[PDB]
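Protein sequence lines correspond, in order, to chains L, A and H. Letter by letter, the first sequence follows residues 939 to 940, 944 to 987 in UniProt numbering. Here the second sequence is numbered in UniProt numbering, starting from 396 and rising by one per residue. Here the third sequence is numbered in UniProt numbering, starting from 347 and rising by one per residue. Each residue gets a CB set at the ideal place from its N, CA and C atoms; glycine is no exception.
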Amino acid sequence: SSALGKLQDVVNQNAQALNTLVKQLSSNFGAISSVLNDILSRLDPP
Amino acid sequence: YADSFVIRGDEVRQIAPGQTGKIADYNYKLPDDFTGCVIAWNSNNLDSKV
Amino acid sequence: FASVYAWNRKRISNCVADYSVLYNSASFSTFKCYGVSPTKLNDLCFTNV
């Protein structure tokens, strides 16, 4: 009432990984943008 | 298949996959995964007349 | 026109730009577009040209 770090640790590790997964949807990896509606708007299909 | 026609001299660069211009836009369009070959030769003496 | 070593610089601004009258004028010997293919110009908006 005044120690559950194992449980806390587990509950956390998973959130830190799920956030890193979503934060990768905003990297270019060597492209002009991160949005498909921006490559499909200033580039021809080829 | 063999397709045949006559164009200007500097319009031969629009007969290729993925180009634009008055010829490739609406006269003769080549798909984007073409497979064949394109052959072209000058014919000034046959087709041009005073 | 202007020299090649002191080119000009016009800052087109808030307006209604119709790149189709350009694209289809057939009077241009060279019309290359790099960031964006030409036909999709009359469907986008920027801050300054």
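Relative to the ligand GDP, is the shortest distance from any of its heavy atoms to the C-beta of residue i smaller than 7 angstroms?
i         : result
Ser373(H) : Absence of the ligand GDP is noted for the structure shown, with no ligands found whatsoever.
Between residue i and residue j, what straight-line distance do the alpha-carbon atoms span, to the nearest angstrom?
i         : j         : result
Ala372(H) : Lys417(A) : 8 angstroms
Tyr369(H) : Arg983(L) : 15 angstroms
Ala944(L) : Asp950(L) : 11 angstroms
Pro986(L) : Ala435(A) : 27 angstroms
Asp979(L) : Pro412(A) : 23 angstroms
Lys356(H) : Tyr396(A) : 51 angstroms
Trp353(H) : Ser383(H) : 25 angstroms
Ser349(H) : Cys379(H) : 23 angstroms
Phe970(L) : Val952(L) : 30 angstroms
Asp364(H) : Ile358(H) : 13 angstroms
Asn437(A) : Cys391(H) : 44 angstroms
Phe429(A) : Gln414(A) : 12 angstroms
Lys964(L) : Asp427(A) : 35 angstroms
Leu387(H) : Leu959(L) : 38 angstroms
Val362(H) : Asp389(H) : 11 angstroms
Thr385(H) : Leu981(L) : 12 angstroms
I need the DSSP call for residue i, collapsed to helix, strand or coil.
i         : result
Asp442(A) : helix
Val951(L) : helix
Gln414(A) : coil
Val350(H) : coil
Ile434(A) : coil
Measuring alpha carbon to alpha carbon, tell me which of the options ends up nearest residue i.
i              : options                                       : result
residue 372(A) : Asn437(A), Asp420(A) and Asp442(A)            : Lying before the first or after the last residue shown, residue 372(A) is absent from chain A, which here runs from 396 to 445.
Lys424(A)      : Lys444(A), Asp442(A), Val407(A) and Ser443(A) : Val407(A)
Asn422(A)      : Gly431(A), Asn439(A), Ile402(A) and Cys432(A) : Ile402(A)
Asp398(A)      : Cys432(A), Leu441(A) and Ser443(A)            : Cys432(A)
Residues of the region 371–387 of chain H whose Cβ lies closer than 7 angstroms to any Cβ of chain L, in chain order: Those residues of the region 371–387 of chain H that come within reach of chain L (Cβ to Cβ, closer than 7 angstroms) are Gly381, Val382, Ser383 and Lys386.
Residues in the region 413–438 of chain A having any Cβ partner in chain H nearer than 8 angstroms: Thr415 and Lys417
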